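Remarks on the structure that follows.
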Amino acid sequence: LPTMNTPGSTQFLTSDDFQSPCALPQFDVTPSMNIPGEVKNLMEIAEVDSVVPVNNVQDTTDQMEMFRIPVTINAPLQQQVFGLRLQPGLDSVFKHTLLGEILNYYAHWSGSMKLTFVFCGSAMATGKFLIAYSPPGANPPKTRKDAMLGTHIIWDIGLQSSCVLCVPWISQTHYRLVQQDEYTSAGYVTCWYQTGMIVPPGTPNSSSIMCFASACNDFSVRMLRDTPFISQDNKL
Amino acid sequence: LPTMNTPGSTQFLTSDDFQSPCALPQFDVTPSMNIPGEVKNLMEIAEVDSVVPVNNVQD
Amino acid sequence: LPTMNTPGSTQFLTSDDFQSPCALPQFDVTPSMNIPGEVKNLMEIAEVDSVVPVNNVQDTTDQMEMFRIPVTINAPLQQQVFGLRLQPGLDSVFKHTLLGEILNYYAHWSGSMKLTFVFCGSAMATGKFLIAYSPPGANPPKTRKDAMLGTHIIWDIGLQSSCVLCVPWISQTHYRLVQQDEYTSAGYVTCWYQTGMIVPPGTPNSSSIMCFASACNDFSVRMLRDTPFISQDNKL
Amino acid sequence: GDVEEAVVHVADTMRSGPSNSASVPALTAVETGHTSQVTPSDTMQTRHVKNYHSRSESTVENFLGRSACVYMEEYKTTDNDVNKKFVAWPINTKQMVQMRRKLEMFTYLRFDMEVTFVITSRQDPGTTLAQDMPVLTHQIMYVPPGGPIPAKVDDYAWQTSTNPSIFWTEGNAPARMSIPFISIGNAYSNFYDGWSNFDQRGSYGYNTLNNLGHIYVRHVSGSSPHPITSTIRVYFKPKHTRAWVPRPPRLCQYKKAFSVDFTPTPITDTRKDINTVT
Amino acid sequence: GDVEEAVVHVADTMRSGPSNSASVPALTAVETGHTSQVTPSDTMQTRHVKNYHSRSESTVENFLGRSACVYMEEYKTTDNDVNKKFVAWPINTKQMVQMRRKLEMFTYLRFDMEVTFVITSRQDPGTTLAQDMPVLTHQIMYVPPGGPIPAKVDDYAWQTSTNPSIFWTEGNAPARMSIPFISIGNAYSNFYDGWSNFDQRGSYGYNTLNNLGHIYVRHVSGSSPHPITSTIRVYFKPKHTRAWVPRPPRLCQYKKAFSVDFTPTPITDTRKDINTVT
Amino acid sequence: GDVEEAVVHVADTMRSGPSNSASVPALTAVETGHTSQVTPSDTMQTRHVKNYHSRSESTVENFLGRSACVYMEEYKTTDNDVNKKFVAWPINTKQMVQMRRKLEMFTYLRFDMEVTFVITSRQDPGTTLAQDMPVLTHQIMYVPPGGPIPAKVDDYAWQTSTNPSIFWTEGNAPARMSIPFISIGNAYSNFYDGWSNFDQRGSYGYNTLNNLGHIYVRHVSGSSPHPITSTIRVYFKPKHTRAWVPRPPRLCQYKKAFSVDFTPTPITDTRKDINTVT
Amino acid sequence: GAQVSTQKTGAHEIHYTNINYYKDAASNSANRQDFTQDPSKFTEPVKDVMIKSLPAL
Amino acid sequence: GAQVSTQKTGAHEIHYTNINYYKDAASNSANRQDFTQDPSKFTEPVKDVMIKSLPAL
Amino acid sequence: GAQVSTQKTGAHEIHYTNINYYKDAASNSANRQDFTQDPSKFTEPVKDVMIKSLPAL
Amino acid sequence: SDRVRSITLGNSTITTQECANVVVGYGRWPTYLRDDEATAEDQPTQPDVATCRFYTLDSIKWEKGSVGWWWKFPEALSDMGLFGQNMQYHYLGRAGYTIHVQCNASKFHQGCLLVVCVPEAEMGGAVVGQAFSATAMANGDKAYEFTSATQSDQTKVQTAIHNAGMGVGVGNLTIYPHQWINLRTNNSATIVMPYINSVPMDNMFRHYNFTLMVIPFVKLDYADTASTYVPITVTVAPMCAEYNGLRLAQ
Ligand SMILES: CN1CCN(Cc2ccc(NCc3ccccc3F)cc2)CC1
Ligand SMILES: CN1CCN(Cc2ccc(NCc3ccccc3F)cc2)CC1
Ligand SMILES: CN1CCN(Cc2ccc(NCc3ccccc3F)cc2)CC1
């Protein structure tokens, strides 16, 4: 049967799908067992919440302190609680979270995100907070009046101790680069005092808040790549 | 299956049409968008008028 | 017909299945004859009994002595007859038996085993014996009270001169390694005097017992390997 | 089921006779921006002609469906300079003039890609060349943007676990692969009249949208007693092409790989006078 | 008979208008261990959007379906040290960092394996290199646990009668083979929090369950007048994969090939203050 | 017509409860030469278990279906001794120990054969090695019993007209061929307890029935200015196998290629005493 | 004994044949065409179903 | 799963078979058999249709 | 003239085609798909059938 | 109300008037081994009620400086009632578990605890390339203390809290089944852990099926009160337990 070899023959492509001979002919495999916890897609992992280390103050002698956002009883009428860049795969805040780790194995991402805040103060304490997301622009907000123009939610602390801020997917392109640059910016997220925290007598004067990050049901990734967080110099 | 290679095997012809493996398996492409001004044949461009520089007087 | 060679072409794999040209074209083979004793599976061989050399006392000047387990008329009320490790493919006792030889050509094994004991004393002699199998544990049994807790059978010597101890397959894994280690231990087997041996006047004061080893109908092996018992240094 | 089965000639001339009427097909007005649709049959007597010519070879698919070199570089198997033993090229189609001009006739493109690699080797000159070396092997690695980049020939990054790669041995056919449409946008853009920062500052031009990654090449383990130099050529061949918004072909010679800068050029050549025809 | 014949896009956004009611989707309680299922449509007005994005590339099958190097070693065709003329590697996936981390994201795995071997050779430097040697040939032998192990290049054990082996000649395509699921248990275990002895003593960790065997390689009969060095790289490519019980990715650098030992590491990098966003 | 289309797990355990009766499955009598067919269900309470284990890998077809080396020899392209430039091997399966023991587990065998040849070359050491030689070619010739035998490399007998032969060039895949069942009897015999002469004299043992012929190998026309040594390895792979009358495996080491001679060996290893279990 | 199935393409704007040559299922090519998934296992591991609109507690 | 289609020839004075081997549509061969075209987009971009025979204005 | 048959897989959780190219049956591939066996030949070579439950003698 | 839960196992009952929902492993409820999945042949023993009951595993003290604690199972219950005896006398074991953690404080206290069950929680030694005994990681029901600073003693495990002694980010432990005890609205966390292993059954003295971890993510704080610490109690109840391969007692 006449034949002609085309270019690419005898090459080894690491991502090919070809049949090959079996070295252990007629090997009987062990019967399957339905172990609990089967995972069929990394996105299922990506959708689980994880604590975000927002308090990266360059002076954290205690590592666990990075997870707590300080709050005080007597604050200037309007005062910023925190601010951060929305770069889930590049910013130091999201770099090592359960979501950031998955993204670092890819190059493109798209979809919305969830940020959940939980108040871990006393039961008698109360307050209100304004959390706003500012799409990309030439300047990040500096005061509450600037922040309130963008997407935001007013959070009231009560019996329900958690509030969810859904960051919508507002972008000019269907996808964004994990190694984000100026062209594919995503904006900023900030939190401000809405009313202030009030406490009765006989309670601590300070409290803390924690943030959780996760992906919505429309999130996706593409173009698999090798992560840069792990490296070696010599064979183990 | 017996076979025999004919002349021309292992050559690289710049105008060939052969199937080749995909390096990015199961890559999801961006949805298509009907941008105005699609061109399907260079002759469509060739049929448009253009100014002719007839006055080539060397001065 | 355009084609491209994939990795693995022109390699010689010792366990491949490919068609090849015949060098003796149209050769007429001799007619077949149904010789008695056709064997279609090595397990059929593995299921046949064979004598186990249990008496490996490091002082056997006579090799045939290894096959006989001594027994005496006047023994301490409780006394151990023998003890051994259940490593059919590794223990010296089972290493060279008809079953051990087959196993040494493989890497994994599973299923139950049969141990058959036959009393070769006088016709007037009588006695009872306790044979027990102790699953894996931190310590092998030291006395009859310890042994009787595990699987065991009380053997009565009478007209029927043989008794069968079926070792059940109790393991955490579907398979065990022939080159057994601590992780895949199998236990121990021991025999003890139940009542003692009594003889009338005019009979020998000593007797012997023999053991036979074989596999049950649920036994199996997998992963063929090269046996280590045979070796050479120069071409014959 | 076993088999499922699956041409447009140019317009024909039509017989035209003498005419005398008020209709004036010859006269028109270009001010409307409309190109006249007149035919020779409308100004002169013509015979009936059947045309079998076809415009098959003018389709964009065929026009761009030819492999063209886009980059060539040299690396040595052994040398003192570490940077000289491997290649690191940011992917871009502006390096070679011919294919650059071919692509720049359209503003937006969307196509699949077919990549072919041609590798050749030669022994460097020297005072002593007598040596015996088995066949060499080469590794090509593709690093999407943001991935780790090797800093030396024997770096750990060469152990690709997710980055696709090809291992090739000299003497066989050139390596080949296919690449789908991998742009974040809906189509590739040859031109981009805009800036990077929202304040209209920073990088300007098509340099802003070039984020396709890098390609690295090395000798797998060859290290000869004497230097050996290798050269690699990369060829691109668009497939399944679509184009939008045609543009005028470039008149001035290229001068930069990431800019439109140029020097003024005359419109065309000159002749003795407006009547010279010889 | 002659032929028998044999897609799930992400969820679409839905138009949402102004609302004023007692329902409060935004408020929840994380104490339950339940991740909120809210969507942007539940907190802001949104338009109707059809999503054609798919999560095809995030499947475990595709995530792990890439060949990665797991071991590399060098052996010489001729030398004084007998142990230096062949390789003997106990199979394990903990040697290379990248694939180790990739696999360690799951507790239990069950997959078929595809093994590819890349072999290259080079002439050692010396004062005299002029020689002529035909093409070399290599033998790869797999020894299940407990089998005989060769002690020298020309040992009798190299006459495999049951042990599978591959003979390969330089200049051809890399060798390849397939391996089924060969674990005694129902699934491979990356971690094992337990001991070897029932008295909670002896070996500890995943080192206890590593009993996959060995691999040996040698030059079939090549013995040059001058030394020649060869290197072999082994690549693993899981197929038909299933995974259970996901785990958090490793944060600290690896330090041992058969242990989880590590050094404490900061959670992440630092910035000027909690408000810095530049 | 275009297509025509064309599993036995081990026995399952069955629930067994307490029993008290006159039946005594445990008691038997080995004097009958009958192996007891008892099962664990007959002596202890057991649960219901479904077994999916299969004995596929224990079949004789698979047990013997592995290629194994049977002979290796060296010949030179050029030398003074004529007998040293080619090989002449009488076919027999008793040369290599491993496959010999594998085959000797059965008394009679009947199978097709698949033969593969592996050839490698190397340059002999010397004071001057600088030379250039094109690729070598080798000839393998099979001579049924009684045929002419060459006496030198360039003998006339190498012009085979009826004797099958293979010509092979270095650098390609190993040569292969198939051989049907070519025994005058109804089955191969590994053992033969008898003599050659009818008066019970002459040759004794399996040496009498070995009349399979010879194999010869040479370099077709290569004759280098300097010596070059080549080695050939022969591999046999039974196919379509049938066996009869199993025998006990050999305990003593082999000492002759055409005899059963041996030296007495201990039955097995020893231990401290009959009760030692540690 | 040939299988015909669709190949990956695009939303708005396609068959390949496969045949198995070896007797061992481990020799087949990767079955990377499955896209079923269910995240409720890890996101909703609670016993009592909670309605998103209703208060959590 | 084989496609049969005509090949380029001449006017006055012819089938080939194609089969896809890979699961990715990007691996197929070039589809250079399409010859549809419409130049009115660039030659007649006006709003009101103009008859060639009638005066332009 | 193509044979289609099942290939080895697993219990809980599959066709290949074969064609012969040579005229000699010795050229075919190994027929390692047979799993019939009967051990009664070597384990029960007695003349009178013995019931396991009943006494041997 | 949905803040009231009651659980009844064997002859013991648990009542909580202030609790959140109940987390069920990976959505899988504990169950007995099926016939088509087992491997051992002999009849198992199901000592229901005798072994399936709650067992209070001692109590710790939560201070302002506490860092966390961990327990390993089933070794923690090695000497607790008939469960321990049956564990000792049998070669193989298999059972799910119900973990209930109690921690109550006034409406003027503040703090947050993370309760998580980590299956296959392998741990690394304090000094890389230095082995530890089976006493620096499990010694019965006693709780082990995490450390704020890096461990230095070579005879014990690396107790660096931020790395969880497994060389991973502490904040990512949410992936495993878990619940939070926030003093503002919760006093107890309940987790139903099914049997997870690569084999149908396993020796319960050689293998640690899973590890429980309680980590204060927001340190306890209070002011002007006579209560100096908040005790924390853990209670565990094996479920659908069955043993196999009886032998002498370990
Ligand atoms: C500026 N032009 C825009 C269009 N773009 C087309 C294009 C897209 C991808 C590739 N990939 C080549 C490749 C193949 C294999 C491995 C790595 C690779 F980068 C080529 C061209 C070209 C640039
Ligand atoms: C610790 N991981 C567990 C999973 N295991 C998968 C695995 C299983 C078998 C093989 N065999 C490779 C091989 C191929 C050909 C000949 C001999 C061989 F050993 C590889 C990986 C990897 C280790
Ligand atoms: C003692 N055993 C008896 C069985 N016999 C099997 C056998 C039969 C023929 C061959 N021929 C090998 C061959 C192939 C090609 C050319 C010439 C040849 F001799 C091999 C084994 C082996 C010896």
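First the proteins, then the strands, lettered A, B, ... as listed; each starts at 1.
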- Looking at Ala130(D), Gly222(D), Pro134(D), which one has more heavy-atom pairs under 4.5 Å with chain E than the rest? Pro134(D)
- Message: Within the structure provided, determine whether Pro164(D) and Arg66(E) are in side-chain contact (heavy-atom separation under 4.5 Å).
- Response: yes
- Message: Counting C-beta onward and ignoring hydrogens, is there a side-chain heavy-atom pair between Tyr156(D) and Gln98(E) closer than 4.5 Å?
- Response: yes
- Note on the structure: Correct closest heavy-atom pair for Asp132(D) and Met133(E) would be OD1-N, 4.3 Å
- Task: Go through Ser165(D), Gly1(D), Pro225(D) and name the one with the most non-hydrogen pairs under 4.5 angstrom from chain E.
- Result: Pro225(D)
- Item | Under 4.5 Å from any heavy atom of chain D - which part of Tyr235(E) | side chain
- Message: Heavy-atom count check: over 12 atoms from other residues, nucleotides or ligands less than 6.0 Å from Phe181(E) CZ?
- Response: yes
- Message: Let me confirm one number: the CE-OG1 distance from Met99(E) to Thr160(D), rounded to the nearest 0.5 Å.
- Response: 11.5 Å
- When rounded to the nearest 0.5 Å, the distance separating CZ of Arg122(E) from OG1 of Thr137(D) is 12.0 Å
- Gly171(E) and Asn172(D) have their tightest heavy-atom pair at O-OD1, 3.8 Å
- Query: How about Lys256(D): does its NZ atom have over 12 heavy atoms from other parts shown lying under 6.0 Å from it?
  - Reply: no
- Inspect the surroundings of CG in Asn80(E) and state if more than 12 heavy atoms from other residues, nucleotides or ligands are less than 6.0 Å away. no
- So CG of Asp124(E) and OG of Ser223(D): to nearest 0.5 Å the spacing works out to 10.0 Å
- Can you measure from CG (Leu103(E)) to OG (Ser161(D)) and round to the nearest 0.5 angstrom? 9.5 Å
- Item | Interatomic distance, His226(D) atom NE2 to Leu129(E) atom CG [nearest 0.5 angstrom] | 6.0 Å
- Item | Leading residue by heavy atom contact count with chain E [cutoff under 4.5 Å; candidates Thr162(D), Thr77(D), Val135(D)] | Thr162(D)
- Task: Would you mind checking which part of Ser67(E) comes under 4.5 Å of any heavy atom in chain D, side chain (CB onward), backbone (N, CA, C, O), both or neither?
- Result: backbone
- Closest non-hydrogen atom pair, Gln131(D) against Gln123(E): C-OE1, 4.1 Å
- Are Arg233(E) and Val220(D) side-chain neighbours, meaning at least one heavy-atom pair lies under 4.5 Å? yes
- Go through the atoms of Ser224(D) and report whether side chain, backbone, both or neither lie under 4.5 Å from a heavy atom of chain E. neither
